[PDB]
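In structure tokens, one chain follows: the form deposited without inositol hexakisphosphate.
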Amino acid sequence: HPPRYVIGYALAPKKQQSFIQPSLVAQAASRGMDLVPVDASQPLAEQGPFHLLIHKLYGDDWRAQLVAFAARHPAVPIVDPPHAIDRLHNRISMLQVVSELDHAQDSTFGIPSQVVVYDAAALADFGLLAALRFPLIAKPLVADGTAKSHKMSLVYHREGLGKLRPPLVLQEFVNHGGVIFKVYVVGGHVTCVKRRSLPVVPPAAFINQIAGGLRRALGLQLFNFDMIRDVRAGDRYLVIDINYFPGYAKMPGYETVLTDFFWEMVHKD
């Protein structure tokens, strides 16, 4: 009796293997939603009508197909738009966006200061590096997340630092008490994981406002953010990283969370 919605999905085979699971496909179809793979080997405008597109692909060809799609079909949502995803690719611009949140709660929300190093010479000669407290978080300045060496790494000593490839961004990583909070966000829904960095949770209303703010600022429905407590004061939180469309299939109950999401998106008013 009631009509059916197509969710097209354009994902790499490994993301497909991990995120598109029998349980997801079956729950979604049970509620009237058909997850349908997108032929990477064929144009998007040549592909069957969609009420919703989700993807995690990069590259000029894909972005092009999506811009075309967006022009041709303004009412069909894209999760997430390529321009919104680009906002994550420069670490310094990403954190620029997070700076623009209003904080106007009894918990405070800061961004950590960063050192940017652009060449081999600087990595050896820059005096300021010799007054940095290890361990350090290092990330290439522009990445995307695709290459394995576009990921955050710890550095325990100067010698480890000198073997990294510039341009990179460094952050002191010492005020956190050995605890990271990975926060997974799916539209208006938030979930939170204490993890022990170096291989006592924040107030839930606070985390919700932060997730709310990042979502409005980045224009992404699917991300996680890492945060730490500043254990100097013990009421101050710092966002240290944001990653697009993370590995939700590790969270139990993810199929229910993503199916409710998919359904919210295909009733977008």
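Numbers for residues come from their place in the sequence shown, where the first is 1.
Form deposited with inositol hexakisphosphate bound: not shown, discussed below.
*Asks:* Looking at the partner-bound form in the entry with it bound, is residue 181 within 4.5 Å of inositol hexakisphosphate by any heavy atom?
*Replies:* Outside the cut-off, so no.
*Asks:* Is residue 55 near inositol hexakisphosphate? Define near as a heavy atom within 4.5 Å, in the entry with it bound.
*Replies:* Answer no; every heavy atom of residue 55 is more than 4.5 Å from inositol hexakisphosphate in the entry with it bound.
*Asks:* So in the entry with it bound, does residue 224 come within 4.5 Å of inositol hexakisphosphate, heavy atom to heavy atom?
*Replies:* Yes - in the entry with it bound, heavy atoms of residue 224 and inositol hexakisphosphate come within 4.5 Å of each other.
*Asks:* Since only the chain is shown here, I'm wondering whether residue 198 would be in contact with inositol hexakisphosphate in the entry with it bound (any heavy atom pair within 4.5 Å).
*Replies:* It does not: once inositol hexakisphosphate is placed as it appears in the entry with it bound, residue 198 has no heavy atom within 4.5 Å of it.
*Asks:* Heavy atoms, 4.5 Å, inositol hexakisphosphate in the entry with it bound: which of 161-169, 146-154, 129-137, 71-79 makes the cut? Say which one.
*Replies:* It is 146-154 that comes within 4.5 Å of the partner.
*Asks:* Which residues within 233-266 place at least one heavy atom within 4.5 Å of inositol hexakisphosphate in the entry with it bound?
*Replies:* If the 4.5 Å heavy-atom criterion is applied to inositol hexakisphosphate in the entry with it bound, 233-266 yields 246, 247, 250.
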